[PDB]
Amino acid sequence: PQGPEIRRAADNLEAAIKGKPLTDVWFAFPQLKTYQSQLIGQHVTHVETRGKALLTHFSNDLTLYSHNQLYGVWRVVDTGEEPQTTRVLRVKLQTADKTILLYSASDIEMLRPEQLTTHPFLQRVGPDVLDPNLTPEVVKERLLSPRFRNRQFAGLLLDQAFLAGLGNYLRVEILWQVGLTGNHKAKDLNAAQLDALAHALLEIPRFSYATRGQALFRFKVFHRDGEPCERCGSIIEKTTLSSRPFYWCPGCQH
(Lines of atoms letter the chains of each structure in order from A and count residues from 1; the text may use other names and numbers.)
(Lines give C-alpha, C1' and ligand atoms only; values in the text may rest on other atoms or scores of the structure.)
Protein backbone atom coordinates (compact mmCIF):
# COMPACT_ATOMS: atom_id res chain seq x y z
CA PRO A 1 0.00 0.00 0.00
CA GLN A 2 1.18 3.51 -0.79
CA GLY A 3 -0.05 7.05 -0.25
CA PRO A 4 -3.57 6.64 -1.55
CA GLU A 5 -4.13 3.45 0.47
CA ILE A 6 -2.59 4.89 3.61
CA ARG A 7 -4.76 7.97 3.41
CA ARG A 8 -7.90 5.90 2.88
CA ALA A 9 -6.92 3.94 5.99
CA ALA A 10 -6.12 7.09 7.97
CA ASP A 11 -9.55 8.44 6.99
CA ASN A 12 -11.09 5.22 8.29
CA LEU A 13 -9.16 5.48 11.59
CA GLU A 14 -10.30 9.06 12.18
CA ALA A 15 -13.90 8.17 11.40
CA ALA A 16 -13.58 5.35 13.91
CA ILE A 17 -11.96 7.09 16.89
CA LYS A 18 -10.94 10.69 16.35
CA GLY A 19 -11.95 12.72 19.37
CA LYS A 20 -13.06 9.66 21.31
CA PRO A 21 -11.58 8.91 24.75
CA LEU A 22 -9.34 5.85 24.69
CA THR A 23 -10.62 3.12 27.00
CA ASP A 24 -7.66 0.86 26.28
CA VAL A 25 -4.27 1.12 24.57
CA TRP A 26 -2.08 -1.91 23.82
CA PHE A 27 1.28 -2.24 22.09
CA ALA A 28 3.02 -5.49 21.24
CA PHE A 29 6.51 -3.92 21.45
CA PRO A 30 7.89 -3.96 25.03
CA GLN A 31 9.45 -0.52 24.65
CA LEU A 32 6.02 1.00 23.84
CA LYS A 33 4.12 -0.61 26.74
CA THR A 34 4.99 2.40 28.94
CA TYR A 35 2.67 4.52 26.79
CA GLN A 36 -0.33 2.27 27.46
CA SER A 37 -1.22 3.80 30.85
CA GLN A 38 -0.24 7.28 29.64
CA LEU A 39 -2.76 7.23 26.75
CA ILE A 40 -5.84 5.71 28.37
CA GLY A 41 -8.23 8.60 28.74
CA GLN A 42 -6.53 10.63 26.03
CA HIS A 43 -7.98 10.71 22.51
CA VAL A 44 -6.76 10.86 18.94
CA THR A 45 -6.88 14.44 17.73
CA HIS A 46 -6.24 13.66 14.06
CA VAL A 47 -4.47 11.08 11.94
CA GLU A 48 -1.95 12.82 9.73
CA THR A 49 -0.34 11.11 6.76
CA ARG A 50 2.99 12.01 5.17
CA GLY A 51 3.06 9.65 2.22
CA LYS A 52 3.24 6.15 3.62
CA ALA A 53 3.96 7.48 7.13
CA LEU A 54 0.93 7.42 9.40
CA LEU A 55 0.99 9.78 12.37
CA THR A 56 -1.68 9.22 14.96
CA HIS A 57 -1.73 12.38 17.06
CA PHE A 58 -2.92 12.19 20.64
CA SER A 59 -4.29 14.88 22.94
CA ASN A 60 -1.20 14.75 25.20
CA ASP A 61 1.11 15.84 22.33
CA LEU A 62 2.46 12.30 21.75
CA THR A 63 2.31 10.95 18.16
CA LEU A 64 2.27 7.27 17.25
CA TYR A 65 4.31 6.86 14.07
CA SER A 66 3.64 3.75 11.97
CA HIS A 67 4.76 2.63 8.50
CA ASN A 68 3.16 -0.47 7.00
CA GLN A 69 6.00 -1.21 4.58
CA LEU A 70 4.64 -4.02 2.40
CA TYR A 71 2.65 -5.93 5.04
CA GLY A 72 1.12 -3.73 7.75
CA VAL A 73 -2.63 -3.22 7.65
CA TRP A 74 -5.15 -1.43 9.81
CA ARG A 75 -8.58 -2.74 10.58
CA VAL A 76 -11.52 -1.07 12.21
CA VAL A 77 -13.66 -3.23 14.45
CA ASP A 78 -16.48 -2.82 16.89
CA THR A 79 -14.98 -2.63 20.38
CA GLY A 80 -14.25 -6.10 21.76
CA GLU A 81 -14.41 -7.83 18.39
CA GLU A 82 -11.40 -9.50 16.93
CA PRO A 83 -12.05 -11.01 13.51
CA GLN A 84 -9.99 -14.18 13.27
CA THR A 85 -6.73 -13.81 11.39
CA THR A 86 -3.19 -15.18 11.40
CA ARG A 87 -1.57 -11.73 11.32
CA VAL A 88 0.16 -10.63 14.52
CA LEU A 89 -1.46 -7.71 16.28
CA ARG A 90 0.84 -4.78 16.85
CA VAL A 91 -1.32 -1.87 18.08
CA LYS A 92 -4.80 -1.54 19.60
CA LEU A 93 -6.38 1.87 20.19
CA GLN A 94 -9.76 1.14 21.72
CA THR A 95 -12.71 3.42 22.49
CA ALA A 96 -16.19 2.84 23.84
CA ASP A 97 -17.68 1.80 20.49
CA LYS A 98 -14.89 1.50 17.87
CA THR A 99 -11.39 0.04 18.08
CA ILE A 100 -8.61 0.24 15.52
CA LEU A 101 -6.09 -2.52 15.19
CA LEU A 102 -2.79 -2.39 13.42
CA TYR A 103 -1.53 -5.73 12.25
CA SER A 104 1.87 -6.91 11.01
CA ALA A 105 3.58 -3.53 10.85
CA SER A 106 7.10 -3.60 12.26
CA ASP A 107 8.05 0.09 12.06
CA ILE A 108 6.15 1.62 14.94
CA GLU A 109 7.43 4.38 17.24
CA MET A 110 6.08 6.87 19.77
CA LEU A 111 7.19 10.37 18.84
CA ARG A 112 7.50 13.42 21.03
CA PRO A 113 6.87 16.80 19.35
CA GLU A 114 10.48 17.43 18.25
CA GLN A 115 10.65 14.13 16.40
CA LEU A 116 7.81 15.07 14.04
CA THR A 117 10.57 17.20 12.47
CA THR A 118 13.68 15.13 13.29
CA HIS A 119 12.59 11.49 12.86
CA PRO A 120 14.74 10.04 10.02
CA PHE A 121 11.93 9.20 7.59
CA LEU A 122 9.81 12.26 8.38
CA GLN A 123 12.90 14.43 7.99
CA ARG A 124 13.59 13.50 4.38
CA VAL A 125 10.17 12.92 2.78
CA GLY A 126 9.25 15.47 0.15
CA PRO A 127 5.86 17.05 -0.45
CA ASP A 128 2.86 14.69 -0.36
CA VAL A 129 1.13 14.05 -3.69
CA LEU A 130 -2.19 14.00 -1.84
CA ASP A 131 -1.52 17.43 -0.26
CA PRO A 132 -4.05 19.86 -1.80
CA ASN A 133 -1.52 22.69 -1.34
CA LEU A 134 0.81 20.83 -3.71
CA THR A 135 0.26 22.11 -7.25
CA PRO A 136 1.41 20.86 -10.67
CA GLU A 137 3.68 23.84 -11.29
CA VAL A 138 5.33 23.23 -7.91
CA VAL A 139 5.83 19.60 -8.90
CA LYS A 140 7.11 20.98 -12.20
CA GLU A 141 9.57 23.26 -10.37
CA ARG A 142 10.73 20.30 -8.28
CA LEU A 143 11.22 18.08 -11.33
CA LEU A 144 13.34 20.80 -12.91
CA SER A 145 15.16 21.60 -9.64
CA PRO A 146 18.92 20.87 -9.56
CA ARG A 147 18.18 18.22 -6.93
CA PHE A 148 16.00 15.99 -9.15
CA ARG A 149 16.32 17.13 -12.79
CA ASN A 150 19.02 14.53 -13.44
CA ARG A 151 17.30 11.56 -11.78
CA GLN A 152 15.93 8.73 -13.91
CA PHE A 153 12.20 8.41 -13.29
CA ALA A 154 12.60 4.67 -12.65
CA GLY A 155 14.06 5.41 -9.21
CA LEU A 156 12.84 8.97 -8.75
CA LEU A 157 9.16 8.07 -8.66
CA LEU A 158 9.84 5.59 -5.84
CA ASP A 159 12.01 8.04 -3.84
CA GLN A 160 9.95 9.46 -0.98
CA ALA A 161 12.39 12.41 -0.83
CA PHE A 162 10.99 13.52 -4.18
CA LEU A 163 7.25 13.09 -3.59
CA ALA A 164 5.80 11.31 -0.59
CA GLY A 165 3.17 8.65 -1.28
CA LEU A 166 4.29 7.37 -4.67
CA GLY A 167 4.87 3.63 -4.88
CA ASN A 168 5.38 0.98 -7.52
CA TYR A 169 1.88 0.68 -8.94
CA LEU A 170 1.67 4.44 -9.05
CA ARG A 171 5.07 4.52 -10.74
CA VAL A 172 4.01 2.31 -13.60
CA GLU A 173 0.56 3.83 -13.99
CA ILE A 174 1.95 7.38 -14.06
CA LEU A 175 4.70 6.63 -16.57
CA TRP A 176 2.23 4.77 -18.82
CA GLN A 177 -0.27 7.61 -18.56
CA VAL A 178 2.28 10.05 -19.99
CA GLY A 179 3.86 7.56 -22.43
CA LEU A 180 7.34 7.41 -20.90
CA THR A 181 9.63 4.58 -19.90
CA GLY A 182 11.59 4.70 -16.67
CA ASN A 183 14.90 5.76 -18.24
CA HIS A 184 14.09 9.47 -18.72
CA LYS A 185 15.19 12.54 -16.76
CA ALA A 186 13.07 15.65 -16.21
CA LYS A 187 15.84 17.71 -17.82
CA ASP A 188 15.31 16.04 -21.20
CA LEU A 189 11.51 16.34 -21.40
CA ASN A 190 9.79 18.92 -23.54
CA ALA A 191 7.46 21.37 -21.83
CA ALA A 192 4.31 19.49 -22.90
CA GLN A 193 5.74 16.22 -21.55
CA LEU A 194 6.91 17.92 -18.37
CA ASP A 195 3.50 19.46 -17.81
CA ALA A 196 1.79 16.13 -18.45
CA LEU A 197 4.11 14.44 -16.00
CA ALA A 198 3.60 17.04 -13.26
CA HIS A 199 -0.20 16.69 -13.50
CA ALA A 200 -0.10 12.89 -13.58
CA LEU A 201 2.18 12.79 -10.52
CA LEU A 202 -0.73 14.33 -8.60
CA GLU A 203 -3.92 13.39 -10.44
CA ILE A 204 -3.27 9.65 -10.69
CA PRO A 205 -2.60 9.23 -6.91
CA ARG A 206 -5.50 11.52 -6.08
CA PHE A 207 -7.69 9.52 -8.49
CA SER A 208 -6.71 6.26 -6.81
CA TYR A 209 -7.31 7.81 -3.40
CA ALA A 210 -10.79 8.96 -4.41
CA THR A 211 -11.98 5.86 -6.30
CA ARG A 212 -9.74 2.80 -5.89
CA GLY A 213 -11.92 1.71 -3.02
CA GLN A 214 -15.21 1.85 -4.84
CA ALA A 215 -15.34 6.99 -13.67
CA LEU A 216 -13.18 4.94 -11.30
CA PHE A 217 -9.50 4.12 -10.95
CA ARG A 218 -8.13 1.06 -12.74
CA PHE A 219 -4.67 -0.30 -13.49
CA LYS A 220 -3.70 0.25 -17.12
CA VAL A 221 -0.53 -1.80 -17.05
CA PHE A 222 0.14 -2.86 -13.47
CA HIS A 223 -0.23 -6.64 -13.37
CA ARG A 224 -1.41 -6.66 -16.96
CA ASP A 225 1.57 -8.28 -18.65
CA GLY A 226 0.35 -10.37 -21.56
CA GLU A 227 -2.80 -8.26 -22.02
CA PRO A 228 -3.34 -5.84 -24.92
CA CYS A 229 -2.70 -2.23 -23.96
CA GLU A 230 -6.00 -0.39 -23.95
CA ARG A 231 -4.39 2.62 -25.68
CA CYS A 232 -2.39 1.02 -28.48
CA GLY A 233 -3.20 -2.72 -28.52
CA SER A 234 0.40 -3.78 -27.92
CA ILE A 235 1.05 -6.54 -25.38
CA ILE A 236 2.00 -5.20 -21.95
CA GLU A 237 5.33 -6.52 -20.68
CA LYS A 238 6.87 -7.15 -17.24
CA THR A 239 10.54 -6.64 -16.38
CA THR A 240 12.59 -5.40 -13.42
CA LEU A 241 13.67 -1.75 -12.90
CA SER A 242 15.05 -0.29 -9.60
CA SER A 243 14.93 -3.89 -8.34
CA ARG A 244 11.13 -3.77 -8.32
CA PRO A 245 8.71 -5.30 -10.82
CA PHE A 246 7.81 -3.01 -13.70
CA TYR A 247 4.98 -3.07 -16.19
CA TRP A 248 4.78 -1.14 -19.42
CA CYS A 249 3.56 -1.13 -22.97
CA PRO A 250 6.26 -1.22 -25.62
CA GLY A 251 3.76 0.18 -28.11
CA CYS A 252 3.16 3.60 -26.59
CA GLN A 253 5.84 4.19 -23.89
CA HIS A 254 9.06 5.71 -25.22
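Just count from 1 along the sequence shown to find any residue number.
In this entry, 83-91 shows the higher mean Cα temperature factor of the pair 83-91 and 160-168. Averaged over their C-alpha atoms, the temperature factors of 14-22 and 235-243 are higher for 235-243.
Within the group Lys220, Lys52, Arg206, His57, the record's highest C-alpha temperature factor is found at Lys220. In the deposited entry, the Cα temperature factor of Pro113 places it in the highest third of its chain's modelled residues.
Ranked by Cα temperature factor within the chain, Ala154 sits in the highest third according to the deposited record. In the PDB entry, a CA B factor belonging to the middle third of its chain's modelled residues is recorded for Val129.
Annotation for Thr99: C-alpha temperature factor in the lowest third relative to the rest of the modelled chain, per the entry. Split the chain's modelled residues into thirds by C-alpha temperature factor. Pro250 is in the highest one.
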